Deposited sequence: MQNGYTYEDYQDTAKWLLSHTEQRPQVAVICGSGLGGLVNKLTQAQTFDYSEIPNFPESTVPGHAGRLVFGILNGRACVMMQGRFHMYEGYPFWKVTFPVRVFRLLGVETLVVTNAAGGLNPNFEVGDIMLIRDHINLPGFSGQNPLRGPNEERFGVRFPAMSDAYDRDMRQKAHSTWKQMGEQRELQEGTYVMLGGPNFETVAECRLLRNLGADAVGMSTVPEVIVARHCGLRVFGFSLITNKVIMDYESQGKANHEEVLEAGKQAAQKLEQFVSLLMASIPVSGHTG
């Protein structure tokens, strides 16, 4: 990790003095569900490129931005465009925004992503509530928490078993019903692996048998950092393709808006 505590402080100060908004919830839009930014009122945008110490997108001319605004009666900050390990960023860079949010006053992080369905019951287009995750990179030591611990953020050995908020999942369901959805609200374990190439048939089977319902190349690192610093976490995976074992983004967007009401404080 090449950031010092003060780097995080400097970026949060710079933001608090360039916007007066004071979000309590942050949201990381996955690939495709980035449209949630529009439909946020009193919008104020910052190019990641101009924020001090912020990682800068790779795809030239596709640089992301941090949008401060009101979603559905709640003050939030959202990431439009994210950083992945396969793009060459170390996790301490990928997850930098999360510790900044915490210092901005945020208390709840909502993560979303487009994933590959491993579970056969999932159909192209469904929404899966993340109840748990499997961190493959972490098994080898690739972890944003690697390095001496920063007490001012969290403890040395952060529990992860309860990473995803119990209450939020219940509410996620309740609020999915009122919507009057015909297709049910899926629920699974998300498995993160490096990328960028997609899985071989042998790997998909192995991951499935490993107990994974969906695969992606993101999110896990953010959640670990979020949980380490004490943020409340909950999030979803938009199954955009089922994996070879041998569009509907809009609904996730509004579903996320409504959810805002369910977040405490």
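> Could you list the ranges of the deposited sequence that have no C-alpha atoms in the model?
Comparing the full sequence with the modelled residues, the uncovered ranges come out as 1 to 2, 249 to 265, 285 to 289.
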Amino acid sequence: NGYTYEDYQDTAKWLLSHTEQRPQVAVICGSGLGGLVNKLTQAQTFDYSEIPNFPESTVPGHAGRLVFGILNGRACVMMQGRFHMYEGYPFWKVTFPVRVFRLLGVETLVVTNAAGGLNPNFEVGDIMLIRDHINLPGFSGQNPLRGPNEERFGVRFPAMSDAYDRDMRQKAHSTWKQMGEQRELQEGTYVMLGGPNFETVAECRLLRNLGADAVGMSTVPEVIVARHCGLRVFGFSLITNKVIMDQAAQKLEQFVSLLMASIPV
From here on, numbers count along this sequence of modelled residues.
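> Higher average CA B factor in the deposited record is what I'm after, so tell me if that's 65 to 73 or 216 to 224.
Per the PDB record, 65 to 73.
> Would you determine, from the values in the PDB entry, which of 166 to 174 and 185 to 193 has the greater average C-alpha temperature factor?
The stretch with the larger average C-alpha B-factor is 166 to 174.
> Tell me, please, which of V27, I239, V59, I51 has the highest C-alpha B factor according to the deposited entry?
Top of the list by C-alpha B-factor: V59.
> If you compare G211, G32, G230, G235, which has the highest Cα B-factor in the entry?
Within the set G211, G32, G230, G235, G32 shows the top C-alpha B-factor.
> Taking the values exactly as deposited, rank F83 by C-alpha B-factor within its chain and report the matching third: lowest, middle or highest.
Its C-alpha B-factor belongs to the middle third of this chain's values.
> Please say which third, lowest, middle or highest, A159 falls into when its CA temperature factor is compared across its chain.
Within its chain, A159 is a lowest-third residue by C-alpha B-factor, going by the deposited values.
> Based on the entry's values, in what third of the chain does the Cα temperature factor of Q142 lie: lowest, middle or highest?
For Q142, whose C-alpha B-factor we compare with every modelled residue in the chain, the answer is the lowest third.
> Lowest, middle or highest third: where is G117 by C-alpha B factor in its chain?
Its C-alpha B-factor belongs to the lowest third of this chain's values.
> Per the entry's values, where does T11 land by CA temperature factor relative to the rest of its chain, in the lowest, middle or highest third?
Lowest third.
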